[PDB]
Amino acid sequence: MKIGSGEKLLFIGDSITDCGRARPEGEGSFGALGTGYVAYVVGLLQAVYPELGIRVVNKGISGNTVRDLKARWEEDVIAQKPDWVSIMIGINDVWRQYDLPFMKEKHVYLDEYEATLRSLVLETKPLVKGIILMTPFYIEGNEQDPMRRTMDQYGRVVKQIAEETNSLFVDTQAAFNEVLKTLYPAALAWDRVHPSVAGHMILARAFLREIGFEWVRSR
């Protein structure tokens, strides 16, 4: 378990991270974390590692791109003095290109995305114990569907950044891809983005595996 006793873990991202969390503070055991993967992660950490006393904060905001993250980074991340920061962003940066193809100011293209994401990591890194970069995803098994193919470009950039900055790394697309050998997307998400509890459990599990959670502790 990478995360130590008494440390503060902060999640940031878009609607997938937000999932109705309390604004602004995003912190608490009784519903403030929202109803998705972040809450599940916290639940599993308290169920299996209750004695760690890890404080968890949810700073997800629905609709955000990486441009949006940068605009609130000082208040929502730096000022919280976290020990660990998890980032999942990119879905909207890409989705806008495809759902509102002529509203170009809503789009964040790959080279802006890469430099902005890198800027967040590099600002943050000297201030925390660690960073977890989670790729964006698209719940679509055809690698050549245009949005899937784009998403994969963004996920490859995240991986490159994590390698270069010695951050932890969660490939969410790879997690979905395993399940998509069996299920058509619509069984997880009608819209291919916002999933069922199952999808959120896919995400929470992928995150926990990368931080060295054990389902039943050797300890």
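Start at 1 with the first residue shown and count on from there.
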*Stretch with the greater mean C-alpha B-factor as recorded in the entry, comparing 186-194 against 155-163*: 155-163
*What stretch has the higher average Cα B-factor here, 43-51 or 60-68?*
43-51
*Pick out which of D93, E143, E112, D99 has the highest C-alpha B-factor in the PDB entry.*
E143
*Tell me, lowest, middle or highest third: where does the Cα B factor of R118 rank within its chain?*
lowest
*Quick one: classify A206 as lowest, middle or highest third of the chain based on its Cα B-factor.*
middle
*Of the three thirds of its chain by CA temperature factor, lowest, middle or highest, which one includes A175?*
middle
*B-factor third for the C-alpha atom of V38 within its chain*: lowest
*Is the Cα B-factor recorded for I131 in the lowest, middle or highest third of its chain?*
middle
